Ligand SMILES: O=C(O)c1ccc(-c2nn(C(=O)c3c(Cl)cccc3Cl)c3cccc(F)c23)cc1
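Take a look at this one chain, the form deposited without the named molecule, written out in C-alpha coordinates.
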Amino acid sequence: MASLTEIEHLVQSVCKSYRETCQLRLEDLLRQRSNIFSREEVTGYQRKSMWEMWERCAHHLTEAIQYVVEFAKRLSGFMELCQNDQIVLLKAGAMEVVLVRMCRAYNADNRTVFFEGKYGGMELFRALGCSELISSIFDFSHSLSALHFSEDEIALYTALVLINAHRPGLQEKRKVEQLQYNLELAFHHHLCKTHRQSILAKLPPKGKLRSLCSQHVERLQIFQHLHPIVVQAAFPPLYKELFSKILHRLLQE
(Lines give C-alpha, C1' and ligand atoms only; values in the text may rest on other atoms or scores of the structure.)
Protein backbone atom coordinates (compact mmCIF):
# COMPACT_ATOMS: atom_id res chain seq x y z
CA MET A 1 0.00 0.00 0.00
CA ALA A 2 0.85 3.73 -0.62
CA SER A 3 2.49 4.69 -3.97
CA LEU A 4 4.92 7.61 -4.72
CA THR A 5 2.03 9.88 -5.74
CA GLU A 6 0.24 9.22 -2.42
CA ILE A 7 3.48 9.71 -0.42
CA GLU A 8 4.03 13.20 -1.98
CA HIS A 9 0.39 14.10 -1.31
CA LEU A 10 0.90 13.11 2.36
CA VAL A 11 4.05 15.36 2.50
CA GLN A 12 2.01 18.37 1.28
CA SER A 13 -0.95 17.66 3.59
CA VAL A 14 1.29 17.37 6.72
CA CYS A 15 3.13 20.57 5.78
CA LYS A 16 -0.19 22.36 5.27
CA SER A 17 -1.57 21.05 8.63
CA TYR A 18 1.59 22.29 10.38
CA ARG A 19 1.48 25.79 8.73
CA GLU A 20 -2.22 26.16 9.71
CA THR A 21 -1.54 25.21 13.38
CA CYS A 22 1.57 27.14 14.18
CA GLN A 23 1.10 29.31 17.19
CA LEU A 24 3.86 31.69 15.97
CA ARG A 25 4.98 32.46 12.37
CA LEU A 26 8.75 31.82 11.95
CA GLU A 27 9.17 35.25 10.24
CA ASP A 28 7.59 36.95 13.28
CA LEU A 29 10.06 35.23 15.67
CA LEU A 30 13.09 36.01 13.50
CA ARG A 31 12.21 39.70 13.17
CA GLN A 32 12.17 39.99 17.04
CA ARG A 33 15.78 38.70 17.57
CA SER A 34 17.21 42.18 18.39
CA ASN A 35 14.41 42.74 20.97
CA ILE A 36 16.22 41.32 24.05
CA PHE A 37 15.33 41.85 27.73
CA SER A 38 17.58 44.41 29.48
CA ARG A 39 19.57 43.49 32.65
CA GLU A 40 16.83 45.33 34.66
CA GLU A 41 14.00 43.28 33.05
CA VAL A 42 16.03 40.06 33.70
CA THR A 43 16.43 41.04 37.39
CA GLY A 44 12.65 41.66 37.53
CA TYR A 45 11.93 38.07 36.38
CA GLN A 46 14.48 36.72 38.87
CA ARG A 47 12.68 38.61 41.69
CA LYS A 48 9.31 37.04 40.81
CA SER A 49 8.10 34.30 43.16
CA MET A 50 8.63 30.64 42.26
CA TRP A 51 4.86 29.99 42.14
CA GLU A 52 4.23 33.04 39.87
CA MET A 53 6.93 31.90 37.42
CA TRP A 54 5.58 28.28 37.49
CA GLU A 55 2.05 29.55 36.80
CA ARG A 56 3.27 31.66 33.81
CA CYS A 57 5.22 28.75 32.28
CA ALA A 58 2.31 26.29 32.75
CA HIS A 59 -0.02 28.82 31.04
CA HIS A 60 2.39 29.31 28.06
CA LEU A 61 2.88 25.55 27.72
CA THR A 62 -0.93 24.97 27.81
CA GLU A 63 -1.42 27.53 25.03
CA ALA A 64 1.26 25.80 22.91
CA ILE A 65 -0.32 22.37 23.59
CA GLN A 66 -3.70 23.69 22.34
CA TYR A 67 -2.08 24.34 18.95
CA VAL A 68 -0.56 20.81 18.94
CA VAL A 69 -4.07 19.37 19.59
CA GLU A 70 -5.33 21.29 16.49
CA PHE A 71 -2.31 19.99 14.48
CA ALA A 72 -3.24 16.39 15.49
CA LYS A 73 -6.93 16.95 14.53
CA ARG A 74 -5.83 18.12 11.03
CA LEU A 75 -3.20 15.40 10.67
CA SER A 76 -4.13 12.88 8.00
CA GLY A 77 -5.19 9.60 9.63
CA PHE A 78 -5.26 10.84 13.24
CA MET A 79 -9.05 11.42 13.57
CA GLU A 80 -9.58 7.99 11.93
CA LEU A 81 -8.01 6.40 15.11
CA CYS A 82 -10.24 5.54 18.12
CA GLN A 83 -10.70 8.24 20.81
CA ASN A 84 -8.75 6.10 23.35
CA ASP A 85 -5.71 6.13 21.01
CA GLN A 86 -6.08 9.82 20.08
CA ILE A 87 -5.86 10.62 23.85
CA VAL A 88 -2.98 8.16 24.47
CA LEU A 89 -0.99 9.76 21.62
CA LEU A 90 -1.66 13.36 22.70
CA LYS A 91 -0.96 12.71 26.41
CA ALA A 92 2.41 11.17 25.62
CA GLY A 93 3.40 13.28 22.61
CA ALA A 94 1.95 16.82 22.95
CA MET A 95 4.81 17.96 25.24
CA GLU A 96 7.35 16.33 22.89
CA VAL A 97 5.86 18.21 19.87
CA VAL A 98 6.08 21.51 21.81
CA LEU A 99 9.72 20.72 22.80
CA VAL A 100 10.57 20.36 19.06
CA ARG A 101 8.44 23.36 17.94
CA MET A 102 10.18 25.66 20.44
CA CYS A 103 13.51 25.55 18.52
CA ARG A 104 11.86 28.11 16.16
CA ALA A 105 11.73 30.60 19.10
CA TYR A 106 15.37 29.95 20.11
CA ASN A 107 18.32 32.04 18.86
CA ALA A 108 21.53 29.93 18.95
CA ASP A 109 23.76 33.01 18.35
CA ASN A 110 23.16 34.37 21.84
CA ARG A 111 21.36 31.34 23.45
CA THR A 112 18.03 33.16 24.01
CA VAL A 113 14.38 32.18 23.72
CA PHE A 114 11.42 34.40 22.79
CA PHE A 115 9.38 34.67 26.01
CA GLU A 116 6.61 37.17 26.84
CA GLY A 117 7.52 39.60 24.09
CA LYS A 118 11.34 39.63 24.12
CA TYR A 119 14.34 37.27 23.90
CA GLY A 120 16.06 36.22 27.11
CA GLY A 121 18.60 33.65 28.25
CA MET A 122 18.30 30.78 30.78
CA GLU A 123 18.88 33.22 33.64
CA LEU A 124 15.36 34.66 33.01
CA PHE A 125 13.97 31.42 34.58
CA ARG A 126 16.06 31.27 37.78
CA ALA A 127 13.03 31.84 40.07
CA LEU A 128 11.55 28.44 39.02
CA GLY A 129 14.22 26.52 40.93
CA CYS A 130 14.55 23.85 38.26
CA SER A 131 17.94 24.75 36.80
CA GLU A 132 18.66 21.25 35.42
CA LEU A 133 15.31 21.14 33.57
CA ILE A 134 15.84 24.68 32.12
CA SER A 135 19.43 23.78 31.05
CA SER A 136 18.08 20.59 29.42
CA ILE A 137 15.40 22.54 27.50
CA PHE A 138 17.92 25.15 26.24
CA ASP A 139 20.44 22.41 25.33
CA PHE A 140 17.71 20.52 23.41
CA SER A 141 16.76 23.67 21.41
CA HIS A 142 20.49 24.36 20.79
CA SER A 143 20.93 20.81 19.44
CA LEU A 144 17.91 21.25 17.12
CA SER A 145 19.08 24.71 15.97
CA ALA A 146 22.32 23.08 14.68
CA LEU A 147 20.23 21.08 12.15
CA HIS A 148 18.84 24.22 10.41
CA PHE A 149 15.37 22.69 10.02
CA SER A 150 13.13 24.02 7.29
CA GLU A 151 9.41 24.53 8.18
CA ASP A 152 8.57 21.44 6.07
CA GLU A 153 11.11 19.29 7.99
CA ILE A 154 9.65 20.43 11.32
CA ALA A 155 6.13 19.55 10.07
CA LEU A 156 7.12 16.02 9.04
CA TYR A 157 9.32 15.36 12.06
CA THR A 158 6.69 16.59 14.61
CA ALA A 159 4.00 14.42 12.87
CA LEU A 160 6.29 11.42 13.55
CA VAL A 161 6.92 12.50 17.18
CA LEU A 162 3.11 12.40 17.69
CA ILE A 163 2.27 9.27 15.65
CA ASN A 164 4.31 6.80 17.69
CA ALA A 165 3.00 3.19 17.67
CA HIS A 166 5.15 2.30 20.72
CA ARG A 167 3.07 4.40 23.18
CA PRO A 168 1.74 2.16 25.99
CA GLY A 169 -2.04 2.01 26.13
CA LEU A 170 -2.80 1.91 22.39
CA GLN A 171 -5.82 -0.32 21.60
CA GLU A 172 -5.33 -0.40 17.80
CA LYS A 173 -1.54 -0.61 17.66
CA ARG A 174 -1.47 -1.96 14.03
CA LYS A 175 -3.49 1.03 12.70
CA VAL A 176 -1.06 3.43 14.47
CA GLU A 177 1.96 1.45 13.05
CA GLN A 178 0.56 1.85 9.51
CA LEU A 179 0.05 5.61 9.95
CA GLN A 180 3.55 5.91 11.45
CA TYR A 181 5.03 3.96 8.52
CA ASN A 182 3.28 6.21 5.94
CA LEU A 183 4.55 9.33 7.77
CA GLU A 184 8.10 7.86 7.97
CA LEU A 185 7.99 7.28 4.17
CA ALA A 186 6.77 10.86 3.62
CA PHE A 187 9.56 12.32 5.83
CA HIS A 188 12.34 10.21 4.31
CA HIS A 189 11.04 10.83 0.74
CA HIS A 190 11.11 14.60 1.34
CA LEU A 191 14.67 14.40 2.81
CA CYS A 192 15.80 12.29 -0.18
CA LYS A 193 14.24 14.76 -2.69
CA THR A 194 15.85 17.80 -0.99
CA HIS A 195 19.25 16.12 -0.32
CA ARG A 196 18.80 16.40 3.43
CA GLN A 197 19.18 12.71 4.46
CA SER A 198 22.32 13.69 6.43
CA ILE A 199 20.01 15.02 9.20
CA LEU A 200 18.72 11.47 9.96
CA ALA A 201 21.77 10.51 12.01
CA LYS A 202 21.71 13.88 13.83
CA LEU A 203 18.06 13.81 15.09
CA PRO A 204 17.92 13.41 18.87
CA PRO A 205 17.44 9.88 20.27
CA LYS A 206 13.84 9.15 21.53
CA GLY A 207 15.31 8.83 25.05
CA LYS A 208 16.20 12.53 24.95
CA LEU A 209 12.57 13.71 24.55
CA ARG A 210 11.46 11.10 27.12
CA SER A 211 14.06 12.43 29.60
CA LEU A 212 12.84 16.05 29.16
CA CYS A 213 9.19 14.95 29.72
CA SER A 214 10.18 12.91 32.80
CA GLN A 215 12.22 15.82 34.26
CA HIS A 216 9.19 18.11 33.78
CA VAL A 217 6.82 15.70 35.60
CA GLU A 218 9.38 15.20 38.43
CA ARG A 219 9.94 18.97 38.94
CA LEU A 220 6.16 19.54 38.86
CA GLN A 221 5.75 16.86 41.65
CA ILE A 222 8.27 18.77 43.82
CA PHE A 223 6.56 22.13 43.11
CA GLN A 224 3.04 20.70 43.69
CA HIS A 225 4.22 19.28 47.06
CA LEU A 226 5.43 22.79 48.13
CA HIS A 227 2.38 24.71 46.71
CA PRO A 228 -0.61 22.31 46.31
CA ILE A 229 -3.24 25.06 46.40
CA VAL A 230 -1.35 27.06 43.70
CA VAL A 231 -1.62 24.09 41.34
CA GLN A 232 -5.29 23.47 42.23
CA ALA A 233 -6.36 27.13 41.95
CA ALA A 234 -4.07 28.69 39.36
CA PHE A 235 -2.73 26.00 36.96
CA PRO A 236 -4.65 25.38 33.73
CA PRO A 237 -6.99 22.35 33.76
CA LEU A 238 -5.43 20.92 30.52
CA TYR A 239 -1.95 21.18 32.09
CA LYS A 240 -3.08 19.24 35.20
CA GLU A 241 -4.81 16.55 33.03
CA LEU A 242 -1.60 15.97 31.06
CA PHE A 243 1.07 16.27 33.75
CA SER A 244 -0.21 16.08 37.36
CA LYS A 245 -11.89 15.54 30.74
CA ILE A 246 -10.35 18.53 28.74
CA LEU A 247 -8.70 16.51 25.91
CA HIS A 248 -11.99 14.70 25.09
CA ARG A 249 -13.80 18.07 24.66
CA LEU A 250 -11.01 19.60 22.50
CA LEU A 251 -11.07 16.44 20.31
CA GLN A 252 -14.89 16.61 19.88
CA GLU A 253 -14.99 20.33 18.85
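Quick note: we count residues from 1 along the sequence shown, nothing fancier.
Separately, the form deposited with the named molecule bound exists; it is not shown, and the next lines address it.
Student: Is the binding site on this chain open or blocked for the named molecule after its pose in the entry with it bound is superimposed by the nearby C-alphas, counting blocked as 3 or more ligand atoms within 2.4 Å of backbone or C-beta?
Tutor: Check flagged, pocket reads blocked.
Student: How about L238: is it within 4.5 Å of the named molecule in the entry with it bound, going by heavy atoms?
Tutor: Yes.
Student: May I ask you to check whether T43 falls inside a 4.5 Å heavy atom distance of the named molecule in the entry with it bound?
Tutor: Although the named molecule is absent here, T43 would stay clear of it in the entry with it bound, with no heavy atoms inside 4.5 Å.
Student: Look up in the entry with it bound whether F187 has a non-hydrogen atom within 4.5 angstroms of the named molecule, and give yes or no.
Tutor: Heavy-atom contact with the named molecule at 4.5 Å: absent for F187.
Student: Decide whether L156 counts as a contact residue for the named molecule in the entry with it bound under a heavy atom distance cut-off of 4.5 Å.
Tutor: No.
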